[PDB]
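Chains as they are written, first to last, in the authors' numbering: chain A, 1202 to 1206, 1232 to 1249; chain E, 1 to 38, 46 to 60, 76 to 83, 104 to 165, 174 to 219.
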């Protein structure tokens, strides 16, 4: 929506490898 | 059932209710951004903007703020739906997605107020009196309530060698 026409939401995809510990 | 009727979750549900109602009311109340040119203090809002000294009228002019606001309110609606469905027919697990939705609605509201703070900074010095403290309080209420509801919904950290998650209640 920025491109159609706010910085910390990019950190959620970094936490994707916290779930790596599950194994 | 055990984490459903407990007071520790009832108080957080009440906090979420007052936060959601005050946030829904706070989207129309444009009483946070006032700028003195130097008797022409202005009023900046998401939808309609006006300046007053009789001849008073407010209308629009950055619609990303409106889009993220409607996304946040949709998140609030989904969270309320999940929370309501949790109570009946003993759906004890449905309290988690409600917490996630409330947390994300609070974060979306935080980002909207951040973009509006940037907008009011780019325009003299402003002053927050009525609605900016309201929006910040709504964000804090929703965020803390969602986090606490999530933490209470999750059973407990084992703290025992034999104890583990996903046990038989």
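For each residue, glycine too, the CB sits at the ideal point set by N, CA and C.
Same chain, Cβ closer than 8 Å to residue i, neighbours up to 5 away in sequence not counted
{"i": "residue 12/E", "result": "195, 198, 199 and 202"}
{"i": "residue 83/E", "result": "56"}
{"i": "residue 145/E", "result": "192, 193, 196, 197 and 200"}
{"i": "residue 208/E", "result": "214 and 215"}
{"i": "residue 78/E", "result": "57"}
{"i": "residue 1/E", "result": "132 and 134"}
Straight-line gap, residue i to residue j (C-alpha atoms, nearest Å)
{"i": "residue 50/E", "j": "residue 204/E", "result": "44 Å"}
{"i": "residue 109/E", "j": "residue 53/E", "result": "10 Å"}
{"i": "residue 1232/A", "j": "residue 1240/A", "result": "15 Å"}
{"i": "residue 29/E", "j": "residue 121/E", "result": "23 Å"}
{"i": "residue 176/E", "j": "residue 190/E", "result": "22 Å"}
{"i": "residue 117/E", "j": "residue 3/E", "result": "23 Å"}
{"i": "residue 163/E", "j": "residue 1246/A", "result": "41 Å"}
{"i": "residue 25/E", "j": "residue 1249/A", "result": "46 Å"}
{"i": "residue 23/E", "j": "residue 31/E", "result": "14 Å"}
{"i": "residue 104/E", "j": "residue 1235/A", "result": "19 Å"}
{"i": "residue 17/E", "j": "residue 142/E", "result": "15 Å"}
{"i": "residue 27/E", "j": "residue 112/E", "result": "10 Å"}
{"i": "residue 38/E", "j": "residue 6/E", "result": "56 Å"}
{"i": "residue 219/E", "j": "residue 1242/A", "result": "29 Å"}
{"i": "residue 10/E", "j": "residue 19/E", "result": "14 Å"}
{"i": "residue 106/E", "j": "residue 217/E", "result": "45 Å"}
{"i": "residue 21/E", "j": "residue 126/E", "result": "16 Å"}
{"i": "residue 81/E", "j": "residue 33/E", "result": "15 Å"}
{"i": "residue 165/E", "j": "residue 15/E", "result": "35 Å"}
{"i": "residue 1206/A", "j": "residue 161/E", "result": "15 Å"}
{"i": "residue 1238/A", "j": "residue 76/E", "result": "50 Å"}
{"i": "residue 35/E", "j": "residue 159/E", "result": "13 Å"}
{"i": "residue 1244/A", "j": "residue 206/E", "result": "20 Å"}
Nonlocal neighbours in the same chain, by C-beta distance under 7 Å from residue i, ignoring five residues either side
{"i": "residue 139/E", "result": "124"}
{"i": "residue 211/E", "result": "none"}
{"i": "residue 8/E", "result": "202"}
Cut-off 6 Å between Cβ atoms - residues of its own chain near residue i, not counting five sequence neighbours on either side
{"i": "residue 114/E", "result": "147, 150 and 151"}
{"i": "residue 46/E", "result": "60"}
Heavy atom of the ligand MN within 7 Å of residue i beta-carbon
{"i": "residue 4/E", "result": "Among the components modelled here there is no ligand, and therefore nothing to report on the ligand MN."}
Requested in this report: Check whether the stretch 133 to 140 of chain E touches the stretch 149 to 161 of chain E, taking contact to mean three or more Cβ pairs, one atom from each stretch, closer than 8 Å.
Outcome: No, because fewer than three Cβ pairs between the stretch 133 to 140 of chain E and the stretch 149 to 161 of chain E fall closer than 8 Å, the two stretches do not touch.
Report task. Spell out a yes or no on whether the stretch 153 to 163 of chain E and the stretch 180 to 192 of chain E are touching, meaning 3 or more CB-CB pairs, one atom from each, closer than 8 Å. Result -> yes
Query raised in the report: What are the residues of the stretch 139 to 164 of chain E that lie near chain A, defined by any Cβ-Cβ distance shorter than 8 Å?
Result: If the cut-off is 8 Å between Cβ atoms, the stretch 139 to 164 of chain E has 149, 153, 156 and 157 near chain A.
Requested in this report: Pick out the complete alpha helix (DSSP H) segments inside the stretch 104 to 153 of chain E, 4 residues or longer, and give them in chain order.
Outcome: 106 to 129
**Report entry** Where the stretch 109 to 120 of chain E meets chain A: residues whose CB sits under 7 Å from a CB there
**Finding:** 109
Query raised in the report: Given a limit of 8 Å on CB to CB distance, which residues of the stretch 180 to 207 of chain E reach chain A?
Result: So nothing in the stretch comes that close.
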